[PDB]
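Protein chains in written order, with the deposited numbering: chain H, 56 to 110; chain E, 21 to 558, 569 to 619; chain G, 59 to 166, 178 to 226; chain D, 12 to 189, 200 to 484.
All C-beta atoms, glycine included, are put in the ideal place defined by N, C-alpha and C.
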Amino acid sequence: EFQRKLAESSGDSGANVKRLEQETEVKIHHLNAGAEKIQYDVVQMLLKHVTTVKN
Amino acid sequence: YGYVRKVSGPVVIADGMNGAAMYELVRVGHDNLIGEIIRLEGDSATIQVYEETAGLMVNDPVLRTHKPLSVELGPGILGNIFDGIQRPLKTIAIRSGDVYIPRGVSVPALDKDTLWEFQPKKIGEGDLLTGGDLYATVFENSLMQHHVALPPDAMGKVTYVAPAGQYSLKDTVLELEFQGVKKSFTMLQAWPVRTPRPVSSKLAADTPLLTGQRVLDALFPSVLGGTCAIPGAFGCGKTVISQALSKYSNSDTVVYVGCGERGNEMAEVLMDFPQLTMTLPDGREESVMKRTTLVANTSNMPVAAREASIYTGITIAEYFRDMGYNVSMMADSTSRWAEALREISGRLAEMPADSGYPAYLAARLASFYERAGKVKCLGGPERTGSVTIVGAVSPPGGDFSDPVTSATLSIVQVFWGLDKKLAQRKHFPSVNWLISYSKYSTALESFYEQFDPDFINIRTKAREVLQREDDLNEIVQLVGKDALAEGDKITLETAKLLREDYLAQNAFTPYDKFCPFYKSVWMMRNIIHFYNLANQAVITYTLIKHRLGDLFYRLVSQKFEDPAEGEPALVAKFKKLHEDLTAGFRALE
Amino acid sequence: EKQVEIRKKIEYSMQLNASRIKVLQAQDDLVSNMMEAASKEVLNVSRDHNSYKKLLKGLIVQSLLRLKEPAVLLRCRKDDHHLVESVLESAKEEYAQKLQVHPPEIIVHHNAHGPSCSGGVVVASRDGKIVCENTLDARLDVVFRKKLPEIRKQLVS
Amino acid sequence: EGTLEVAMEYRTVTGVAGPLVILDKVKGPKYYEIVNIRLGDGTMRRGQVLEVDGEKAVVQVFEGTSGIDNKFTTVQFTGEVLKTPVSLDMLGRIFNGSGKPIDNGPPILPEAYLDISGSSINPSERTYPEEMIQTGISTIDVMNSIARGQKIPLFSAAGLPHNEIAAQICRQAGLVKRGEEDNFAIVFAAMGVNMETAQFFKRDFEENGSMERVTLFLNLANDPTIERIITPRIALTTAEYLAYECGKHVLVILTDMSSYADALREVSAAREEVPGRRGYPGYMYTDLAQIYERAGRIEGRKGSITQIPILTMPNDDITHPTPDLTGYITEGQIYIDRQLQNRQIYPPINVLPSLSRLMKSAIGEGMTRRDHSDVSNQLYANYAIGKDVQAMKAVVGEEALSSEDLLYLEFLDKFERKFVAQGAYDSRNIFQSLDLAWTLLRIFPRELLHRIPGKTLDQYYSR
């Protein structure tokens, strides 16, 4: 029991953690791409509202 | 600048302080009476003068201090005697000559004319420093080498470091320049009583306090930084435990905050503490006062000073902890502080909540207790200190229904539950094992396992034995000891032996004056082994009582075995007694 | 084994929490970069001279109206200080036009640092008791908080 | 959109007294407008305006009024009520009493600002609860059940393990499942807790792996006392956003409901208001109503909020104002006995006062058994009679317990021994426990039972 348990445990958790880290890095990359795409639009909208003034 | 305008008893209303801050101390009149600012209505302020307000004349100047209630810390804080408002009583008596406390004394808390041998650290003159750095160390005395550190909330590039020489407190030894400006720092420093000392990170308590008494050390362990409450009001047993803590406990230093108690009790304490002396592991004799800062506040003293004395003491303890030393703070009477609080609340006309106490009593009390724990210091080098509070509860009428008692019990982790009945039962420790509880038992897991793996099981079995004993007492009162089963009779006899020898420590005899953890644990192991191997043996009750009487005598000899005979020798004697009891019980059956 | 596999479960939980909090930290860093870019673009707009003058007059007029004070103390940056001195009582006339009233006294001089001030006007009131602070740098980071939900909506993927 | 205005900055503080800061010459104040006071030293703290009169505005700061000068502090009127930046990302993190992050993470990027103390649910729209909950404790699900939308607190005096019980419930919480994305998203408010207890909560929640679905709102006793009241508010605002406007079911947990009460009493006494019983404010019924009366199942949405607060009888007296008001509003109670704890029972639940007002709908044909109601009634009624038998035996003697009384005493003893007790992690399912519940009911004669009809239990079959 203990031998088979340690054999199964030694590596699977580390591989799962590495896969999760890789997936998180990929998601970070996608988010960075989206932010780069939307950066100037957001900046222009903010500038418009700051500059836009009445009364 | 600023003149009094309305002087109505304790409260004094003065105009002119447009810039006064809320809760800023201020000096009033020629006599320089001290008062706090409460209400800042318009351009005027409100001063509650602590001392007597008689004799004040209108337009008497009022001088602002630019500082909330603060205690001047640094070297030389130890040994001396201080009032609730941080006034050095001994130096006041020496300088003034007269006995009474003059109305308007202005003696500084620490005499800046005394010279201390200042030894700086190897820090570079052109280095960079931040708050909490142990930039030097001063030999304020023996046994309490004062590790002076750069003031918290101050970070800068050091410009000049003083050499190793005899300097006064007024003399400056440090200067730093983070921005363009360079600010010099002296050895003395100040901190408000209310705001706690900055701490990098509170830590989980891991190591226990060794009180030197077997009952508290074994049955109900208290961690470093663990809150403890004593229900002591008569018989001075609380003072006895405080003296034991001062003499033998693990605290690198101890601060006793006596507030609102009778003058005679304060005088008795002020004579008793100097008489006590603490033995080093080296064995040569050194007085406890050199490592003890005592703060006394009698009933004659102003109420506000009595209320603030607790925060004064806890701030001193916080300074010691930030200096990286384990420290214990003892409050003589929390109920006296509650009385001071109710008096102040009545003076300021707050809405009563429960039995006259102000509503905020729970919050203030909880904050004060919560200012104590194991702490990772600020700055470097990284060291850990601990403040543990053993504040004593003194319920009037001995009823737990008192709001202060209920709040403390809600907050306190360990309640040692001293009972006057045990004192009436000729028990010197007078620690009621039943009504007392320990909540830090799980915290001692690593320490107990490292010291003795079976110690946890022994403690659990001892608690079960105490419960079985309290049941068997009324069981015997019902019908008699004979009706009990043989194993139940053994259990009752072993519980009686435990209470008579292990639980009850005389502490008057030199052999039992200090009970180490090793000796207490070995005595508990011997008792539990004798009880166990007797319970499995049954054979008869009377028959084994006679044939194992030698085993009982050997177990009682563990109490005779003392550290005064030597710790390795005491351990060997306890092991031999346990082996003899084991052989006597096994061979007979 | 049962009481040990809790350690593996805790390790998995810690890894997941670290990953997600790192992702959220990246998102917040992107938001901070957006704020910095907005500030830089605001400074670039402040670099304008002629069209940049009209908004200053509008700010002065609107601040006078909302404050509704009889006397104010305006402070401007050294850059466009000539511009605001040229605006002068044109803002007061515009305020009297918005609501029929005698124009208040206008006083302009100390200036904050150019990039730090980023234009704007601090109209304030007498004795400095009441301050209507309208720096473009201060006007920004107020718009930012209001538009943050809109930005989070914009960030889809 | 209407042109924006930068918040006004004032310096006309014209009087300080207690926890209140007075202002004058304020141009267009707003009630409950959040103000962020900056002192002369440069530090900042917040507060609320409690009354608006003329150009005067009376503000109660949060961090305390110490260190405030009448001629150097500056007050800024944000011109809005207090708002918490609720967002879906808030899951799996911790926050201070005011909601500031303390999980060493970035501040929440809000999906939409929601004003706390939000409007009530149109009662035409509120709907009754109809779904049991697998909290992970036997005695709660077997008797005095909980419905997904029902509020019910835990009554427990000082020194009891109620905090550990709450931690166990939170870690073992789950739907009956008789999915995971919409599963229980637990919000754990912590009103006024000790630092050691806070560390215990943090460790237990982090290690359990529930951090994927649990948000903590920790507020220690060291925090400003006012920051304590806004906590179990912010918590309920986040719960409302997550359940109704986001969908996932929430099981809000409030600890030390008494500490909230104390926080109110202290604030009320500061405000010098009319006192109710024991010096507590007279409107505390309202201000608890605003906290308790939020959990429920709005119809138009598939979410659900379930409220499980924890009280603390101050003098171990249920007649104290806080438990009195709670028992008035909270739709039932679970009671914990100190005597049972003395008897070394880990879940020391005393079933005699432990009743669920909504249990009549929690039971049914969708879950539980047709004899659940009758068995619960019998095990709830015969326990009181057994206690009366024990009292009669104590006041007379052992021979006083007749052939019928002795059966009741034995039923009480076996009930306290077997049924109530449970493991520290026991997910004892309903049927296995109800088997021994009927065994306890059958300790008494199967015909002496008055209230229950024999046919109802006859529907169930032994073994």
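Discussion item. How far does the alpha helix (DSSP H) with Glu56(E) in it extend, from its first residue to its last?
Written reply: Taken as a continuous stretch (DSSP letters only), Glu56(E) belongs to no alpha helix (DSSP H), being part of the beta strand (DSSP E) at 53 to 57.
Item to complete: State whether the region 350 to 362 of chain E contacts the region 276 to 293 of chain E, with contact taken as three or more CB pairs (one from each stretch) at a distance under 8 Å.
Response: yes
Discussion item. Counting only C-beta atoms, is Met42(E) closer than 8 Å to chain D at any point?
Written reply: yes
Item to complete: Could you check the C-alpha separation between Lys112(G) and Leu102(D) for me, to the nearest Å?
Response: 47 Å
Discussion item. On the CB-based measure, 16 or more other CB atoms within 10 Å of its CB, does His393(D) come out buried or exposed?
Written reply: buried
Item to complete: Indicate whether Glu287(D) and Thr246(D) have their beta-carbon atoms separated by less than 8 Å.
Response: yes
Practice prompt. Check whether the Cβ of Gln443(D) lies closer than 7 Å to any heavy atom of the ligand FAD, and answer yes or no.
Written response: Annotation note on the ligand FAD: not contained in the displayed structure, which lists no ligands.
Worksheet item: Who are the neighbours of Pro128(G) on chain D, taking C-beta pairs under 8 Å?
Response: The contacting residues do not exist; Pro128(G) stays about 12 Å from chain D at best.
Item to complete: Examine chain H for any beta-carbon lying closer than 8 Å to the beta-carbon of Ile118(G), and answer yes or no.
Response: no
Discussion item. Against chain D, does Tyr153(G) count as a neighbour if the rule is that its beta carbon must be under 8 Å from one of theirs?
Written reply: no
Worksheet item: Is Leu573(E) closer than 8 Å to residue 559(E) when the C-beta atoms are compared?
Response: Examination of chain E shows a numbering gap from 558 to 569; residue 559(E) is inside it and therefore has no coordinates.
Discussion item. Beta-carbon within less than 7 Å of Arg115(E)'s beta-carbon, same chain only, minus the 5 sequence neighbours each way: which residues are those?
Written reply: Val127
Fill in: Proximity to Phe537(E) [Cα-Cα], best of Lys141(E), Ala505(E), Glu597(E), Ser90(E)
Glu597(E)
Discussion item. Is there a C-beta anywhere in chain D that falls below 8 Å from the one on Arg214(E)?
Written reply: yes
Worksheet item: Would you say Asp374(E) faces chain D, with C-beta separation under 8 Å as the test?
Response: yes
Worksheet item: Given that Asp100(D) touches chain G, what residues does it touch there, using C-beta distances under 7 Å?
Response: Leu82
Discussion item. Against chain E, which members of the region 74 to 91 of chain D pass a CB distance test of less than 8 Å?
Written reply: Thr76, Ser77, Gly78, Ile79, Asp80, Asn81, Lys82, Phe83
Discussion item. Can you confirm whether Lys103(H), when its beta carbon is compared against all beta carbons of chain D, has any partner nearer than 8 Å?
Written reply: no
Discussion item. Our contact map puts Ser387(E) next to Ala264(D) with C-beta atoms below 8 Å; I'd like the distance itself, whole angstroms only.
Written reply: Incorrect: roughly 35 Å between the Cβ atoms, too far for contact.
Discussion item. Whole angstroms are fine: how far does the CA of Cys248(E) sit from the CA of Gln497(E)?
Written reply: 34 Å
Worksheet entry | Delimiting residues of the beta strand (DSSP E) encompassing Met212(D) | 207 to 214
Fill in: Within chain H, partners of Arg105(G) - CB distance below 7 Å
Here the premise fails: no neighbours, minimum Cβ distance about 13 Å.
Worksheet item: What does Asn240(D) reach in chain E if we use C-beta pairs closer than 9 Å?
Response: Ordered by position in chain E, no residue passes the 9 Å Cβ test against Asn240(D), which lies about 12 Å from the chain.
Practice prompt. Taking the CB atoms as reference points, tell me whether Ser188(E) and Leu135(E) lie closer together than 8 Å.
Written response: yes
Fill in: Cut-off 7 Å between Cβ atoms - residues of its own chain near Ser149(D), not counting five sequence neighbours on either side
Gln443, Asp447, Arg449, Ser454
Practice prompt. Kindly list, in the order they appear in chain G, the residues whose Cβ is closer than 8 Å to that of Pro121(D).
Written response: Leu217, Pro218, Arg221
Discussion item. Just to confirm the assignment: which complete alpha helix (DSSP H) runs, minimum length 4, are found wholly within the region 493 to 552 of chain E?
Written reply: 506 to 517
Worksheet item: Do the region 227 to 237 of chain E and the region 190 to 200 of chain E touch if we need at least three Cβ pairs shorter than 8 Å?
Response: no
Practice prompt. Check whether the region 356 to 375 of chain D touches the region 130 to 144 of chain D, taking contact to mean three or more Cβ pairs, one atom from each stretch, closer than 8 Å.
Written response: no
Discussion item. When you compare the CB positions of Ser406(E) and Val413(E), do they come within less than 8 Å of one another, or not?
Written reply: no
Item to complete: Measure the C-alpha to C-alpha separation of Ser269(E) and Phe615(E) and round it to an integer number of angstroms.
Response: 37 Å
Worksheet item: Would the beta-carbon of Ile199(G) fall within 8 Å of that of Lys36(D)?
Response: yes
Fill in: Separation of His160(G) from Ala154(G), as counted between CA atoms
6 Å
Worksheet item: Is it true that the CB of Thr79(H) sits closer than 8 Å to the CB of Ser71(G)?
Response: no
Worksheet item: Residue range of the beta strand (DSSP E) that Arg84(E) falls in?
Response: 82 to 84
Worksheet entry | Residues bridged to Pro162(G) [DSSP beta-bridge criterion] | Paired residue(s): none; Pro162(G) is not in a bridge.
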